[PDB]
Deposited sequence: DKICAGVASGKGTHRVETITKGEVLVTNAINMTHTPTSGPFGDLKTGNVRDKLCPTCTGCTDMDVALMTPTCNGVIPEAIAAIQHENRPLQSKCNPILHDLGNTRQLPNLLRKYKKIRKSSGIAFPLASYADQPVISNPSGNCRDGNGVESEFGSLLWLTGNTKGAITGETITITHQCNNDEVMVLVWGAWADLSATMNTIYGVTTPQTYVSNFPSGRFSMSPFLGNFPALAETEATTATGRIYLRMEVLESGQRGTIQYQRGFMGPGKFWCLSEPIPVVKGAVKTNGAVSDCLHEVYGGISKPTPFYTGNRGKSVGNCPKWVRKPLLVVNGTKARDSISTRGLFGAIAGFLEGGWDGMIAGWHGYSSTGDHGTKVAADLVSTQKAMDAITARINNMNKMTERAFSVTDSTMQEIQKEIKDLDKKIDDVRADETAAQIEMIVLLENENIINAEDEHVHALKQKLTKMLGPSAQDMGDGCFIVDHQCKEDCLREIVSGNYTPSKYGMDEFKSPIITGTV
């Protein structure tokens, strides 16, 4: 009869693409792409995500918390991600500031992108070092404390001096005060009122000049002294005064300069920030929601598959990455019993087949290992930069977008090439295995074997299920069927 080994044919259900064989029909395959479904925002499964600077604070917006307003002095917690849910934050709890006339509008979003936020316990510039020495910080008639007594902002001091008259100008210098690895943020401003008011509290009637130089540029301000826009973004009514503002940042080993004349509002406490973290644009949190990753287009999504297809957008957490077209991976053998590799005996005793389990387990193990190696591709991390904001200037934003687009395109192309290579490797390893089975088959058949050449052998005896289980198990001697075993090496 004829005994040989090979694979088992089956009905093909999927089609895969290689680099040399084109399209190959295979019985089974694994999908490595999916379409995410939208979901609400929530906390990451890894840690806390920040949406509001002071969740404990009530009646305070982000601008009030950033400005160190009285009755907005809560404790800021830590987080590993942030949501930018307001492109124009508002304030409601002190004297009116003309925010959309300088650059101090996007302050909370600047503080949003650091894990560690702490408030300075000192003062940016000593109060006893000014040119005109008898200076005090004037309490405001509007910004009352919790009890109701008048108070100042807390980070921006309304200054008054002993002298009342025209002044040529005074210059001051500011140095770094936070630690070595910390970012220092401060604010300073100017007071604007009617002509009669300034001549009563400052002694001048003409707009004054202020100059600020910092390791970000120069800024000249000569605020108008007269007609004002509408009164808004304040808790006090019938106010004839306005405040101009300007914020500055500093790193280790840096300094800046300020020149001013009558009507200057001095710096106070400052912010020390550290540990940059990513931020994403979306909506406010929803209670009791935990997701694997945050996507700026879909929301809270899981990661049931290493790659996904659909709209492209920023994401933070443990989520799939963009891929151009659907992909499939071979999970079986080429098409045309219990396992794939098996033996077969044909003759006048009908035809009888068996199965090998150890051999067929190795192929599945290799396929799983290759799948895991491909999966490992979506975890290139361990380098987080300071990043930039989202409403600064067109050129910077477009540069960031170009960088992200280049990265995404290159990663997608690499993924496609790797998929093709792995498909081809599996297809070839199948043939390797079927060949490797043949040498095993011929080792214990003796020298009376009459092999067909194409994997099949001829033997002069009949084989039954006992023969199949013997050759599969390994213990099979031709002698027990009556053919010569082999010559001993000992003459």
Coordinate gaps, deposited numbering: 337-359, 515-518
